[PDB]
């Protein structure tokens, strides 16, 4: 299955946001990160991906499709806007085995608030 996440200068949640900021997919599914506004990319947050998963980092303004195979929760960020809270979470499969690990990772304050909210929204 093929999902979309938009990268925006502003949204419901404030400035510099992924929409949706939380997404549940199945192993083998894809997500395309879409540059609705210029100046954004997507990068896994180091330390916030499941055992055996590969890190990734797209180019600014790249329409970037990623296939998620390793089950677990993945924290993602926009490289330039991370400190300003531009983050998201993708959960792959049920019963993520790395939830408390991800819940405990340290991030910029504005990013941490949005990560916490995205994790809550996933029912974690």
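Numbering follows the first chain given and starts at 1.
The stretch 94 to 102 shows the higher mean C-alpha B-factor when 94 to 102 is compared against 81 to 89 in the entry. Look at the C-alpha B-factors of 112 to 120 and of 17 to 25. On average they run higher in 112 to 120. Of all the options 41, 30, 44, 36, the entry's greatest CA B-factor is assigned to 36. Per the deposited record, the Cα B-factor of residue 75 falls in the lowest third when ranked against the other modelled residues of its chain.
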